[PDB]
Ligand code: HEM
Ligand code: HEM
Ligand SMILES: *[C@@H]1O[C@H](CO)[C@@H](O)[C@H](O)[C@H]1NC(C)=O
Ligand SMILES: [Ca+2]
Ligand SMILES: [Ca+2]
């Protein structure tokens, strides 16, 4: 529906090469230092003042594993994205009150992180499919908001 | 809000780009076109085919302008005065498209030059590109 | 950003930017290099001879190389001139070995192209920067392979000798092909190749013989540019050296006349001087002769001669020049059994004396619509071709007879 079968193959292929342990910590650490208004939500994770502390903090790295796994879980079936993220969207809307833009910002940083880790293999058609995936996830986690 | 330590990274990182700046600008322009199809509406007569000479030519002039801005980092609005009027008063380019080009340009730099993109440099180069977009769009109406 | 004029007693006296600002990086730390001028040396390593290879710089015992970012044909010329080799032809060179890598580099900003040495042209940076994206600088001077013809009676013939570096040597016939000989004649400015002779016809050479066999495409402007491949030494005896005859083997002189641009035509063939026949001496052949004499374009040829026939025998050579070829050798010549020229009929030409504007297709015009004959085995027979606009075309065979072809044979000068 959303993606062509050739587009789906490449997206699923690259997601195999990823190192879930380190990619999640990388993207979360970058967002907390590039856009430094998300440090407010992660005050439970300790010191986050300096970029090296943000990268070296164990808690954000562990939270990166949770973020990455949920992204992989969302990739399981695209039409279910409304129902897949309905449980998580409520947490981000009623308890933490995370603005929908931060979902779009984290996804954009994820594309940059994946491009940094891979290199030339981040073919422009490949990133186009990834952006379409990211846009849906940001919309799906925000569609709960009303 | 580029601090003096932030501008030092910008000049050093852009220096490491070297002569490949023109190709990097061209790749970012092509990367944004196919990733965000609505952007092509602002280029009425340009040939949007992959590897087009005009796209390569446009990327060279875009990277030329950015390299000029780095040398004039302290005074950006004057170095980008002519481009600000053309991009806002003539073509009426929506400011939303600028954040798309900046993201695509950063991805091109990150993919082609991964070793030098430490998180400290990533923030500094991001703040530099945000400064350029605001200057160009500051008179949009 | 210290801006010293060049005469301040100390750097602090110069006008310099503030102790802060400008956002400098520690990789940009400046340095100096003061020397007496005798320690710096320039050498070429990794090539066939000293006039081709990778540029290597030794300054204060320290070895280094030169980056390619600022390299060009102008900078390539000044380096070759300093080494004494000659002019620079190619910015790449064929590798005979591998040179050791060195971390230190030399950078060229710009070079005017007429300086005596590389050190003289301004702002050459010695170390302090790296160019990993760029590569080494390579050159190939014109003294890599300098050809020469030795021991030939006619001006443009003799034994072929090729110079490697600063030493001379002959070349065996098996190494030299027809394509190689054409380049050699063109390089020497002796015209096109007329014939090639082997077996020490011109004479038995002396000295050492090169081993490599030239393998050139055929239209290279210099001997050095075309690639070569080494061959085993001693496979060719000394008697197997080659000789080359080029097309510009004619010597024609103007005499009796006080100004060299005017006078009676004199030709030297068979080891003697002789006057040319007046017949078949038109404007087109006259322009070529004056071009050879370097007088310039010519506008008039005398009808008869006040200069006389001369003491020498009357040569019956007749020339058929198109009008654009530089030398009389390139003009097709027919002299077998030419008609006898009476004593008072001797050719002459009055050149202008100005070498400018040559001849342009349209007086002093290369003309248009000149017919040519192809595939006929000669210059007087063949299929008719007509030059119209920028293309050559044929004629349909219908309504074609002797009276129709009578004009074509007359215009070409062949006859009937
Ligand atoms: C964009 C896609 C995102 C996904 C898939 C995602 C995923 C998750 C998941 C699965 C949890 C549950 C962790 C737990 O229960 O222990 C979580 C927690 C959390 N997320 Fe997200 N997240 C996203 C974006 C963001 C962003 C951009 C922020 C910015 C601050 C954020 C803020 C938080 C916070 C503060 C928690 C902690 C919840 C708590 O402590 O109760 N999320 N995230
Ligand atoms: C950092 C961001 C940008 C820079 C540095 C930049 C720079 C330039 C430069 C140097 C030119 C050439 C002008 C000339 O040759 O006269 C140009 C023209 C143009 N700009 Fe941009 N630009 C940027 C962003 C954008 C974006 C995002 C768009 C559209 C979505 C855009 C729309 C155009 C168009 C359509 C032209 C063509 C003008 C023409 O052909 O006459 N610019 N820009
Ligand atoms: C070299 O030529 C330039 C112009 O190209 C001229 O200004 C300069 O004086 C010349 N130098 C010498 C040494 O002839
Ligand atoms: Ca100075
Ligand atoms: Ca017929």
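Residue numbering for chain B follows Swiss-Prot; the residues present correspond to positions 2-142, in that order.
Per the header: electron microscopy, 3.3 Å.
Cβ atoms here come from the backbone N, Cα and C positions, even for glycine.
Taking B:8, B:57, B:91 one by one, Swiss-Prot attaches glycation site to B:8. The two recorded residues residue B:109 (phosphothreonine) and residue B:103 (phosphoserine) have their Cα atoms spaced 10 Å from each other. Listed recorded positions: B:12, B:100; maximum Cβ neighbour count within 10 Å falls on B:12. Of all the recorded positions in the list B:12, B:50, B:100, the shortest Cα-Cα distance to residue B:57 (site 'Not glycated') is found for B:50. Ranked by Cα separation from residue B:139 (phosphoserine), the recorded positions B:12, B:61, B:91 are led by B:91. The Cα atom of residue B:12 (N6-succinyllysine) lies nearest to that of B:4, taking the recorded positions B:4, B:41, B:88, B:100, B:103 as the candidates. Within the set of recorded positions B:4, B:50, B:100, B:103, the entry lying nearest in space to residue B:62 (glycation site) is B:103 (CA atoms).
When the domain 'Globin' (B:2-142) is classified with DSSP, helix, strand and coil residues number 108 helix, 0 strand, 33 coil. Around the Cβ of residue B:103 (phosphoserine), a 10 Å sphere holds 19 further Cβ atoms from the protein chains shown.
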